[PDB]
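Structure record follows, encoded as structure tokens.
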Amino acid sequence: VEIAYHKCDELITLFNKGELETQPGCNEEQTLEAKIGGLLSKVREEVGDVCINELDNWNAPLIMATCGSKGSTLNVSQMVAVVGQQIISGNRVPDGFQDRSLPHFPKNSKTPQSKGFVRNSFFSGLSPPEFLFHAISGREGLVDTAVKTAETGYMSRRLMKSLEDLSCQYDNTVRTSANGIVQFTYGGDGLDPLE
Amino acid sequence: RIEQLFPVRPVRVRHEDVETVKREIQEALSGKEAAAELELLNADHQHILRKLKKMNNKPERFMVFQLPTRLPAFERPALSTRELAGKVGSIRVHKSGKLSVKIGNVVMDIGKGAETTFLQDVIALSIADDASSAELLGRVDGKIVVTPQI
Amino acid sequence: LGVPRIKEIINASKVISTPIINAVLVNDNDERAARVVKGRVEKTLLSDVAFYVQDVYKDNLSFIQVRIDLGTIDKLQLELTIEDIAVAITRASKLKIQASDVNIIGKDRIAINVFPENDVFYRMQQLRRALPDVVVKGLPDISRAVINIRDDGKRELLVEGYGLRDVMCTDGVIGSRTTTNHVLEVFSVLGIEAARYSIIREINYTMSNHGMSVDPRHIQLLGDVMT
Amino acid sequence: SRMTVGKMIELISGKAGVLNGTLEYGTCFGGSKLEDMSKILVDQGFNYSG
Amino acid sequence: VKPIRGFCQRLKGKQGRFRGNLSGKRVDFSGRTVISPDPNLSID
Amino acid sequence: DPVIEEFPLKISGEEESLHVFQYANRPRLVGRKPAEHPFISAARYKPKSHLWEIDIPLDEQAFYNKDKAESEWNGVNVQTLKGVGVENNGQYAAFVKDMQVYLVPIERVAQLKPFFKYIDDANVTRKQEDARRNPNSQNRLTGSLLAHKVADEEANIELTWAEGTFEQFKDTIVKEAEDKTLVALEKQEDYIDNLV
Amino acid sequence: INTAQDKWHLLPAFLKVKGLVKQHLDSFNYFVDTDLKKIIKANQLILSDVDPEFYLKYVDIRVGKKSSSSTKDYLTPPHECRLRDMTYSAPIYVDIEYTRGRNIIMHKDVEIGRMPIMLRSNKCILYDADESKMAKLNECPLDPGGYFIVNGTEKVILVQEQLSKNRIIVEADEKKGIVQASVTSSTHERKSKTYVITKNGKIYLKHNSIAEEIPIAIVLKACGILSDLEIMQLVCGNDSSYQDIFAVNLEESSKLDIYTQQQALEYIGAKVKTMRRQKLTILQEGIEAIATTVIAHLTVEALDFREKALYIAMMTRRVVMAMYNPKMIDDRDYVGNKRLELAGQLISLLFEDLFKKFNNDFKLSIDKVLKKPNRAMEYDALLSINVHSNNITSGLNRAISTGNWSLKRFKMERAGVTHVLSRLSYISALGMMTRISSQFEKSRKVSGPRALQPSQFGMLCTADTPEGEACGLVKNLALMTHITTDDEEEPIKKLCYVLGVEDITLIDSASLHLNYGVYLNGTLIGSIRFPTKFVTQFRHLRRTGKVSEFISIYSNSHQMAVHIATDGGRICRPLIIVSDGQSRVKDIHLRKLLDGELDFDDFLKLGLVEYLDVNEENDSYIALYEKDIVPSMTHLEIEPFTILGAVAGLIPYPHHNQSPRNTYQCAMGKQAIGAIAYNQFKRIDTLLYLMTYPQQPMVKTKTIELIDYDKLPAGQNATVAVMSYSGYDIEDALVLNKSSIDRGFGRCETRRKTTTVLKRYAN
Amino acid sequence: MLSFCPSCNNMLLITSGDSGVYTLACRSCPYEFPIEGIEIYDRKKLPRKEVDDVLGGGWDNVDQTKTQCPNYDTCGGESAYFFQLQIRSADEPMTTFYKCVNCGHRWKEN
RNA sequence: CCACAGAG
Ligand SMILES: CCC[C@@H](C)[C@H]1CC[C@H]2[C@@H]3[C@H](O)C[C@@H]4C[C@H](O)CC[C@]4(C)[C@H]3C[C@H](O)[C@]12C
Ligand SMILES: [Zn+2]
Ligand SMILES: [Zn+2]
């Protein structure tokens with residue numbers, strides 16, 4: 001994480017001077033953000049890999065991940081090793097103040113510890129800025145869960161009202177209620193996906 | 001008169017370098033932020049001293065003081081002497097090129113404040129039914145500001 | 001891609017968000033050919049080719065002078081000439097300029113004259129403010145074009161617009177394998193069967209992006225219902 | 001799946017507190033550390049991880 | 001002022017006749033209860 | 001730290017009631033050189049509403065073409081500036097006499113802005129022309145309505161303009177000044193705790 | 001022996017005097033003390049229309065204090081009111097001066113209705129009462145108070161949150177491509193919204209009263225700025241792109257042949273739709289519309305139209321800056337742009353409407369009687385005031401009880417203002433207070449008001465919000481906050497002019513954007529040469545104690561302006577000042593605090609701690625510990641775990657948990673079964689849950705200690721063995737112990753109340 | 001045109017009147033400025049951005065052909081740097097780009 | 001008949 005922080009700081013200094021290279025074709029801010037996100041994802045993946053490799057057998061989260069009953073590799077990596085970058089609406093933590101995230105960080109800064117990366121394990125406890133950023137991520141997850149249901153149910157009702165009349169007649173032709181053919185054979189071969 | 005009636009083209013400055021030419025526009029007519037404030041204070045103090053030396057015994061020359069609206073009270077030669085008369089203070093200047101204004105027993109800081117881009121003049125008015133007269137006493141050449149020091 | 005994408009497909013909407021048109025190229029293993037075929041479909045405004053636009057009053061005449069540099073044309077390899085810019089200016093509807101006022105001065109300058117109160121100033125001011133936003137080369141609905149590389153190394157062109165027929169009819173782009181994610185354009189260009197294929201492909205791609213593993217026969221049934 | 005390490009820390013803190021006889025503080029951004037709980041549990045004869 | 005309830009109001013909406021009493025309706029011989037596991041019970 | 005020379009203040013002129021106009025349409029400087037003050041023709045001061053009107057005879061030898069002005073503006077040849085005298089306490093106009101700085105209060109400040117009486121005259125003449133051709137308690141006005149009504153129904157006072165009064169004014173100010181020197185009453189610390 | 005790391009002891013002292021439910025209590029106390037006097041002083045005078053000699057004037061008003069007796073009057077105890085289904089209230093005594101014939105009769109202590117007291121206020125019987133006298137009145141000493149007992153039930157006026165009044169909010173619609181700036185001018189007469197929108201590339205101004213969208217150049221000309229160069233210099237300044245955007249609006253005025261102030265004024269007055277009341281000329285109607293209608297909170301009195309013109313010019317400059325790039329638009333969801341209306345303000349507004357109706361009906365009845373010649377001693381007021389007095393208390397009780405909020409004078413309609421205080425647990429009753437309800441509930445905009453903005457660090461709880469459809473709309477106050485109170489602004493204006501602010505009526509319009517400008521409550525007030533030194537001096541005067549500590553000063557460099565906020569409703573947080581890398585609170589101050597003397601207000605008076613709101617925090621640089629202090633630091637956090645609310649404090653080790661689990665516990669700890677209050681057996685509530693053997697938590701929290709959850713717990717410690725004992729624990733299910741249940745684990749009881757009234761019929 | 005009045009500080013509208021000469025008339029006050037002799041102009045400088053190169057270094061270590069250059073008023077060079085690039089569809093002739101050795105002025109043929 | 005408050 002120190003190597004990742006140092007390389008990110010070098011990229012921030014290059015962006016601040018202005019000679020940052022825009023290889024993807026977007027502007028300087030977007031390519032800096034993409035490079036920082038890639039670097040932090042890489043460091044999370046590496047620390048998670050070494051953490052999973054360093055856990056012995058009869059480790060209960062490792063067993064429950066090998067079984068597939070509950071949890072996964074990512075959850076064990078988050079509890080034992082670095083949690084990783086918190087992502088809100090596809091980007092890092094938005095600047096809720098005047099061109100900075102929180103008043104605990106200096107103005108005009110894009111260092112990972114200020115833009116929403118947490119270097120602490122869930123076992124080791126979270127620093128208050130990391131706690132707030134993780135609270136933001138959990139809040140957006142909860143609100144998405146709360147508000148998807150209305151649109152999804154409306155779409156399901158519309159689909160079912162549209163497709164309620166179809167049936168497979170005894171001549172292997174899908175027909176409407178008014179006896180008009182939609183498909184001559186269901187799917188072109190007349191095979192139920194169930195069987 | 002030829003330039004007075006010449007059609008005026010307004011000041012245009014590119015958006016990128018509006019802040020850089022701010023000092024130039026300020027100077028043409030007449031931590032980091034703290035250092036800039038000190039630089040402006042020193043330059044302003046030198047400019048005010050030069051301006052005061054310039055208009056020594058010159059007609060139609062005026063500068064407007066922005067003094068506190070509630071001056072320190074005094075003793076009538078307690079009614080606190082709300083309306084003032086006579087000598088009250090002094091513009092003292094120090095060896096380090098800095099200036100201060102001592103009103104009575106209160107020291108205060110001095111500066112120039114906002115700089116105007118238009119003609120100004122001072123006029124005395126006398127109103128009476130039998131006779132009335134408005135007199136142009138002179139031109140107002142700049143303004144300065146005096147603030148209490150805490 | 002997600003709930004809005006399914007909602008935007010199954011509810012067939014004439015206008016959508018992010019209407020990507022993907023196009024393959026006949027010469028897909030050369031960066032310069034990809035750039036020059038991008039230059040045809042990606043619209044370039046007059047503001048990208050003009051040093052300046054100015055308004056000059058003569059003694060009894062008033063006109064607008066535009067300085068077009070051939071350097072930018074040569075450096076971008078746009079197939080654009082000065083008279084092409086002139087006739088493109090004539091094809092502007094809001095300016096209401098008839099096609100006999102634009103004249104060529106030098107090999108760069110283009111003059112737009114306005115002829116007759118105070119109406120002449122208002123008209124030429126409107127022309128001055130609206131002129132550098134005119135389209136001179138490209139398609140009106142194509143917002144931008146990006147050259148992308150596929151995993152095998154071949155180059156393709158992704159544009160963001162609604163002009164499917166114009167994109168697939170331009171030379172240099174293969175007109176048989178060009179598709180778009182928008183379904184109404186596919187319908188109006190290539191028939192109801194191609195619309196059905198586009199519906200099936202788009203729904204299957206959106207479903208397989210999340211890895212939900214929906215059997216394609218249901219998707220085919222839905223496509224046969226909407227078409 | 002729910003990733004509540006604070007529950008395990010609470011269990012060990014409570015065990016060490018009740019064995020020591022004193023209530024133990026689990027204040028946010030601080031509280032009684034895990035190492036002291038392990039030391040108290042070891043001195044009381046139980047396992048260090050509870 | 002409270003709007004009155006008309007026939008069109010009685011036939012429209014999630015509480016109208018079509019979506020509240022005809023497409024689906026409250027039924028007899030039913031029960032609602034909190035659930036709890038039982039592995040010794042057959043899946044059917 | 002220490003002082004080399006003191007420039008004494010001296011407050012006087014508590015009844016002269018000076019005023020300052022602020023022209024909003026002419027620059028203070030043209031080039032690096034100072035500008036030229038306009039010649040003054042006439043002025044008016046409204047007593048109740050504290051309005052100032054200044055008439056400036058503009059140039060006629062160039063850039064006029066009086067034909068338009070006689071065609072629709074009845075041959076207007078002077079530009080008028082109207083301003084509102086607003087109170088601003090804490091303002092002192094100061095001069096320097098023999099290294100001694102003298103100050104005198106400014107009662108009001110006026111923002112003179114261009115005014116077009118003749119446009120209103122043409123408008124009201126047109127209104128009469130298109131209104132008389134075909135017809136087609138009682139006190140409620142407050143706020144700025146009463147002030148505008150006072151400014152309308154008042155009686156303008158014509159003033160006289162004089163120049164070279166600066167010498168007599170300076171002599172009167174220094175005569176009112178030199179007789180008195182005042183002694184402080186309260187300490188510096190007593191200034192802070194009440195409207196510093 | 002003491003160190004700086006134990007500075008968290010400022011937190012209990014802060015809670016020792018202020019209180020945790022001070023948001024309701026201070027507001028209601030301020031209402032009773034001052035807003036009654038203000039409401040009377042607004043319309044104390046009543047005159048008749050038939051016989052113009054009878055005048056009736058209220059002189060003084062008070063609640064629960066008779067003028068003749070120093071001792072306050074007798075009130076029923078709160079628990080007696082709860083049992084007997086009355087409303088806990090005190091009579092409203094008012095002094096009256098009227099005419100009996102020709103005699104100027106001064107009469108005192110006439111009752112105009114019963115004002116329902118809020119519990120534990122300065123007028124309640126539970127104020128500063130020791131637990132012995134609190135036990136005498138059948139009231140729990142560990143009760144937050146702050147609720148109104150009406151008709152037997154107990155209701156809570158939840159703290160409302162609104163977009164900041166009298167502020168410029170700039171928003172952009174990219175799909176439509178319109179930028180606009182809105183100002184909601186709210187005052188005693190009107191609450192009107194003014195929009196400055198961009199349509200077809202031209203800046204237009206629109207208002208509800210005005211029929212058509214006025215061009216901006218027309219209204220700028222009408223508002224005293226005759227010249228167009230001044231307009232362009234005000235809106236754009238010495239800039240290229242802004243002038244290129246704005247020149248069209250200058251051309252628009254020339255297209256409509258408007259060049260003088262009278263022309264623009266009559267053009268605007270021709271569009272004003274609210275003509276009534278024997279209207280004046282079109283020019284005077286336009287003058288009135290510009291003076292009051294377009295921006296209500298800035299009213300112009302004299303002929304000088306400077307401040308209104310500069311306000312509209314700054315609004316349009318914000319609009320043009322939005323046109324140049326859409327990144328410089330202020331966020332509507334920012335905490336600094338939201339103000340918190342408390343119970344006192346709403347009760348004052350409702351009492352204003354009720355008293356106006358009462359006075360109108362009283363005047364109507366007096367005119368009905370005195371119109372007839374047969375008058376005896378001018379038909380004294382005290383004979384005919386009680387039947388009108390009952391309407392005041394009827395309206396107050398109905399408005400508090402039903403929750404409906406209908407004020408016709410202010411055209412305001414609110415529903416769901418008060419809620420029934422949920423007595424499911426002590427922590428639930430506490431958490432119902434310090435709850436903030438957002439302004440709208442219909443919108444489902446994800447990543448809008450529902451998302452947790454980082455601006456609420458330490459001002460609102462970061463984990464407590466109800467799960468479900470209201471997730472993110474209902475928030476909770478943090479443990480250590482303080483909502484400001486409204487203050488007068490004229491002394492601040494004079495202090496500004498003294499400190500070096502040059503007034504707007506004496507400075508150049510063209511050079512105005514060449515230096516920083518000072519804003520008071522969002523209205524431009526003057527120009528400052530050196531903004532940094534002005535800000536430092538203002539902060540030093542605030543810290544000394546020569547101005548109110550809730551006045552906020554902050555310098556926004558992007559707008560090149562400096563703002564002073566004065567109005568109440570801003571949410572704040574106290575913090576420790578650090579200077580020169582050393583915290584201003586040394587160990588000697590902590591020892592003095594722990595020894596008993598030197599309370600928190602003494603920390604405020606010596607400049608050791610100070611209150612910052614969100615906008616003030618934007619200009620600061622706060623460290624989190626002693627180890628994090630650098631010479632560039634500005635403030636030091638007292639203690640970080642204040643960012644969790646009262647309910648969120650129950651969770652042990654919350655920073656080791658995933659955030660949704662913390663939110664779920666915040667939601668589900670308010671349903672815990674446990675002891676309700678010390679007098680839970682003398683209460684008869686509609687549904688109450690009690691536990692036989694509650695126990696203390698083995699793992700406590702400092703937040704638990706401060707809110708006294710320790711004394712009245714809800715839950716038992718269970719010896720848990722985390723293992724898969726059987727197949728019956730799959731999918732979150734638990735495996736209880738039969739013997740443990742038999743011995744008393746989890747034993748609970750439910751109490752229900754059935755009420756009946758023997759109505760005495762009219763027969 | 002953004003000229004401002006020197007009397008009342010207003011916008012200058014150019015009008016022809018009826019004689020056919022354009023003047024910087026001001027409708028707020030009697031003032032105009034005829035444009036006889038010298039002419040006036042207002043230039044708005046459009047931005048100049050660095051766009052992506054397409055033929056940057058496309059003629060390094062390449063063969064040189066013998067073609068007559070169209071510009072014969074500057075150079076008499078007959079050796080031209082050429083490059084074959086498929087630009088149109090596969091059923092059309094392959095276009096090529098080639099330039100003079102002295103005066104540049106690149107040109108293409110199909 | 002509405003509006004709160006929770007449970008999925
Ligand atoms: C400014 C926004 C323009 C936009 C709303 C207009 C401009 C170009 C228009 C499309 C083209 O007409 C081609 C198609 C015609 C079919 O009949 C219906 C769909 C189709 C895709 C059109 C939809 C829509 O009408 C568009 C996108
Ligand atoms: Zn003019
Ligand atoms: Zn050549």
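Chain identifiers are assigned as A, B, and so on, following the order in which chains appear in the structure tokens; residues are numbered from 1 within each chain, and ligands are numbered from 1 in order of appearance.
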Write out as an NGL selection string each polymer residue (protein, DNA or RNA) that has an atom no more than 9 Å from ligand 2, with only C-alpha atoms (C1' of nucleotides) and all ligand atoms counted. :H and (4-12 or 25-32)
Around ligand 1, out to 8 Å and counting only C-alpha atoms (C1' of nucleotides) and all ligand atoms, which residues are there? I want them as number ranges by chain. C: 14-15, 141, 161-163, 182, 184-185, 188
Give as a PyMOL selection string the residues surrounding ligand 3 up to a distance of 6 Å, considering only C-alpha atoms (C1' of nucleotides) and all ligand atoms. chain H and resi 69+71+75+77+100+102-104
Could you make a table, as a Markdown table, of the residues of chain B that have an atom within 7 Å of an atom of chain F, each with its nearest atom pair and distance in Å to one decimal, counting only C-alpha atoms, in chain and number order?
| residue | atom | partner | partner_atom | distance |
| --- | --- | --- | --- | --- |
| B:55 | CA | F:96 | CA | 6.7 |
| B:56 | CA | F:96 | CA | 5.6 |
| B:57 | CA | F:97 | CA | 5.2 |
| B:60 | CA | F:166 | CA | 7.0 |
| B:61 | CA | F:95 | CA | 6.6 |
| B:62 | CA | F:95 | CA | 5.1 |
| B:63 | CA | F:94 | CA | 5.3 |
| B:64 | CA | F:93 | CA | 4.5 |
| B:65 | CA | F:92 | CA | 5.0 |
| B:66 | CA | F:91 | CA | 5.2 |
| B:67 | CA | F:90 | CA | 5.0 |
| B:68 | CA | F:90 | CA | 5.5 |
| B:69 | CA | F:90 | CA | 4.4 |
| B:72 | CA | F:191 | CA | 6.9 |
| B:73 | CA | F:185 | CA | 6.5 |
| B:74 | CA | F:185 | CA | 4.8 |
| B:75 | CA | F:185 | CA | 6.1 |
| B:84 | CA | F:11 | CA | 6.5 |
| B:85 | CA | F:11 | CA | 5.1 |
| B:86 | CA | F:180 | CA | 4.6 |
| B:87 | CA | F:10 | CA | 3.8 |
| B:88 | CA | F:10 | CA | 5.8 |
| B:89 | CA | F:9 | CA | 4.8 |
| B:90 | CA | F:8 | CA | 3.7 |
| B:91 | CA | F:7 | CA | 4.5 |
| B:92 | CA | F:6 | CA | 4.3 |
| B:93 | CA | F:3 | CA | 5.6 |
| B:94 | CA | F:3 | CA | 4.4 |
| B:95 | CA | F:2 | CA | 6.4 |
| B:96 | CA | F:1 | CA | 6.8 |
| B:104 | CA | F:184 | CA | 5.1 |
| B:105 | CA | F:188 | CA | 5.8 |
| B:106 | CA | F:188 | CA | 5.0 |
| B:117 | CA | F:28 | CA | 5.5 |
| B:118 | CA | F:28 | CA | 4.0 |
| B:119 | CA | F:28 | CA | 4.1 |
| B:120 | CA | F:22 | CA | 5.3 |
| B:121 | CA | F:20 | CA | 5.8 |
| B:122 | CA | F:20 | CA | 4.7 |
| B:123 | CA | F:19 | CA | 5.1 |
| B:124 | CA | F:18 | CA | 4.3 |
| B:125 | CA | F:18 | CA | 6.0 |
| B:132 | CA | F:159 | CA | 5.9 |
| B:133 | CA | F:160 | CA | 4.8 |
| B:134 | CA | F:161 | CA | 5.3 |
| B:135 | CA | F:162 | CA | 4.8 |
| B:136 | CA | F:163 | CA | 5.6 |
| B:137 | CA | F:166 | CA | 4.8 |
| B:138 | CA | F:166 | CA | 7.0 |
| B:148 | CA | F:196 | CA | 6.8 |
Give me, as a PyMOL selection string, all polymer residues having an atom no more than 9 Å from residue 109 (chain A), counting only C-alpha atoms (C1' of nucleotides) and skipping those fewer than 3 positions away in the same chain. chain A and resi 12+99-101+105-106+114-115
Could the residues of chain H that have an atom at most 10 Å from chain C be listed as a tab-separated table, each with its closest atom pair and the distance in Å to one decimal, counting only C-alpha atoms and ordered by chain and ascending residue number?
residue	atom	partner	partner_atom	distance
H:1	CA	C:55	CA	7.5
H:12	CA	C:121	CA	9.9
H:13	CA	C:121	CA	6.7
H:14	CA	C:121	CA	5.8
H:15	CA	C:118	CA	5.1
H:16	CA	C:117	CA	6.6
H:17	CA	C:117	CA	6.2
H:18	CA	C:117	CA	8.3
H:19	CA	C:60	CA	9.7
H:20	CA	C:60	CA	6.3
H:21	CA	C:60	CA	5.2
H:22	CA	C:60	CA	6.3
H:23	CA	C:59	CA	9.4
H:25	CA	C:118	CA	9.5
H:34	CA	C:59	CA	8.9
H:35	CA	C:59	CA	6.3
H:36	CA	C:59	CA	5.7
H:37	CA	C:59	CA	7.3
H:38	CA	C:59	CA	8.6
H:39	CA	C:58	CA	6.0
H:40	CA	C:57	CA	6.1
H:41	CA	C:56	CA	4.6
H:42	CA	C:54	CA	5.5
H:43	CA	C:54	CA	4.3
H:44	CA	C:52	CA	5.8
H:45	CA	C:52	CA	4.7
H:46	CA	C:52	CA	5.0
H:47	CA	C:51	CA	7.6
H:48	CA	C:51	CA	7.3
H:49	CA	C:48	CA	8.2
H:50	CA	C:72	CA	9.7
H:51	CA	C:76	CA	7.6
H:52	CA	C:76	CA	7.2
H:53	CA	C:75	CA	6.2
H:54	CA	C:32	CA	5.3
H:55	CA	C:32	CA	6.7
H:56	CA	C:75	CA	8.3
H:58	CA	C:32	CA	9.0
H:85	CA	C:33	CA	7.2
H:86	CA	C:27	CA	6.4
H:87	CA	C:33	CA	5.8
H:88	CA	C:172	CA	4.5
H:89	CA	C:172	CA	4.7
H:90	CA	C:26	CA	6.7
H:92	CA	C:171	CA	9.7
H:105	CA	C:74	CA	8.7
H:106	CA	C:74	CA	7.8
H:107	CA	C:74	CA	9.1
Dump of C-alpha atoms for the selected residues, as a PDB file, in the first residue's frame:
ATOM      1  CA  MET H   1     -19.547  44.976 -32.542  1.00  0.00           C
ATOM      2  CA  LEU H  12     -24.000  51.818 -30.485  1.00  0.00           C
ATOM      3  CA  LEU H  13     -26.438  50.649 -33.147  1.00  0.00           C
ATOM      4  CA  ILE H  14     -25.250  50.989 -36.725  1.00  0.00           C
ATOM      5  CA  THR H  15     -27.947  52.438 -38.962  1.00  0.00           C
ATOM      6  CA  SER H  16     -28.061  53.463 -42.607  1.00  0.00           C
ATOM      7  CA  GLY H  17     -30.655  56.213 -42.220  1.00  0.00           C
ATOM      8  CA  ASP H  18     -31.857  56.817 -45.759  1.00  0.00           C
ATOM      9  CA  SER H  19     -28.785  58.126 -47.625  1.00  0.00           C
ATOM     10  CA  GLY H  20     -27.121  54.696 -47.604  1.00  0.00           C
ATOM     11  CA  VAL H  21     -24.123  55.293 -45.306  1.00  0.00           C
ATOM     12  CA  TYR H  22     -23.682  53.287 -42.110  1.00  0.00           C
ATOM     13  CA  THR H  23     -23.231  55.293 -38.917  1.00  0.00           C
ATOM     14  CA  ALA H  25     -25.839  55.931 -34.171  1.00  0.00           C
ATOM     15  CA  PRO H  34     -19.527  57.923 -39.530  1.00  0.00           C
ATOM     16  CA  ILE H  35     -17.267  55.217 -40.918  1.00  0.00           C
ATOM     17  CA  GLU H  36     -15.986  57.152 -43.942  1.00  0.00           C
ATOM     18  CA  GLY H  37     -12.385  56.477 -44.885  1.00  0.00           C
ATOM     19  CA  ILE H  38     -11.024  54.019 -42.335  1.00  0.00           C
ATOM     20  CA  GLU H  39     -13.149  50.937 -41.714  1.00  0.00           C
ATOM     21  CA  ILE H  40     -14.027  49.361 -38.368  1.00  0.00           C
ATOM     22  CA  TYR H  41     -14.047  45.680 -37.483  1.00  0.00           C
ATOM     23  CA  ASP H  42     -14.534  43.424 -34.462  1.00  0.00           C
ATOM     24  CA  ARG H  43     -12.607  40.144 -34.515  1.00  0.00           C
ATOM     25  CA  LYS H  44     -13.485  37.259 -32.196  1.00  0.00           C
ATOM     26  CA  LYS H  45     -10.462  34.973 -31.966  1.00  0.00           C
ATOM     27  CA  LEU H  46     -11.678  31.383 -32.129  1.00  0.00           C
ATOM     28  CA  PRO H  47      -9.704  28.918 -29.984  1.00  0.00           C
ATOM     29  CA  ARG H  48      -6.835  26.967 -31.534  1.00  0.00           C
ATOM     30  CA  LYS H  49      -6.484  23.454 -30.123  1.00  0.00           C
ATOM     31  CA  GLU H  50      -3.909  20.747 -30.820  1.00  0.00           C
ATOM     32  CA  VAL H  51      -5.810  18.149 -32.839  1.00  0.00           C
ATOM     33  CA  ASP H  52      -4.551  14.632 -33.512  1.00  0.00           C
ATOM     34  CA  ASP H  53      -2.042  14.082 -36.312  1.00  0.00           C
ATOM     35  CA  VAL H  54      -2.932  11.677 -39.121  1.00  0.00           C
ATOM     36  CA  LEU H  55       0.139  11.807 -41.401  1.00  0.00           C
ATOM     37  CA  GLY H  56       2.718  12.623 -38.739  1.00  0.00           C
ATOM     38  CA  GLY H  58       4.219   8.975 -42.765  1.00  0.00           C
ATOM     39  CA  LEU H  85      -3.059   3.912 -48.295  1.00  0.00           C
ATOM     40  CA  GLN H  86      -6.415   2.167 -48.726  1.00  0.00           C
ATOM     41  CA  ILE H  87      -8.968   4.877 -47.960  1.00  0.00           C
ATOM     42  CA  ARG H  88     -12.105   3.949 -49.953  1.00  0.00           C
ATOM     43  CA  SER H  89     -14.025   0.692 -50.274  1.00  0.00           C
ATOM     44  CA  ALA H  90     -12.410  -2.508 -51.530  1.00  0.00           C
ATOM     45  CA  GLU H  92     -12.491   1.151 -55.708  1.00  0.00           C
ATOM     46  CA  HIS H 105       2.039  21.083 -50.284  1.00  0.00           C
ATOM     47  CA  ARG H 106       0.901  17.464 -50.018  1.00  0.00           C
ATOM     48  CA  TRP H 107      -1.612  16.152 -52.532  1.00  0.00           C
TER      49      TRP H 107
END
Each residue of chain G with at least one atom at most 12 Å from chain C should appear once, together with its nearest atom pair and the corresponding distance in Å (one decimal); atoms considered: only C-alpha atoms; ordering: chain, then increasing residue number; output as a tab-separated table.
residue	atom	partner	partner_atom	distance
G:175	CA	C:17	CA	10.4
G:201	CA	C:129	CA	11.0
G:244	CA	C:129	CA	8.9
G:245	CA	C:129	CA	9.7
G:246	CA	C:129	CA	11.6
G:247	CA	C:129	CA	10.1
G:248	CA	C:126	CA	9.0
G:250	CA	C:122	CA	11.9
G:251	CA	C:122	CA	8.2
G:252	CA	C:122	CA	9.8
G:254	CA	C:118	CA	9.9
G:255	CA	C:122	CA	8.4
G:256	CA	C:118	CA	11.7
G:257	CA	C:118	CA	11.1
Of the listed residues G:727, G:270, G:694, G:652, that which approaches chain D most closely, counting only C-alpha atoms: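 The shortest atom-to-atom distance to chain D comes from G:652.
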Just need the residues of chain F within 6 Å of chain G, counting only C-alpha atoms, so spit them out as a short mmCIF file (atom, residue, chain, number, x, y, z; two decimals) with N, CA and C atoms, in the first residue's frame.
data_model
loop_
_atom_site.label_atom_id
_atom_site.label_comp_id
_atom_site.auth_asym_id
_atom_site.auth_seq_id
_atom_site.Cartn_x
_atom_site.Cartn_y
_atom_site.Cartn_z
N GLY F 143 -43.77 53.19 1.03
CA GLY F 143 -42.54 52.68 0.45
C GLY F 143 -41.84 53.71 -0.42
N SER F 144 -41.40 53.26 -1.60
CA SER F 144 -40.75 54.17 -2.53
C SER F 144 -41.76 54.98 -3.33
N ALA F 147 -41.87 58.44 -1.82
CA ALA F 147 -40.66 59.18 -2.13
C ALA F 147 -40.66 59.65 -3.58
#
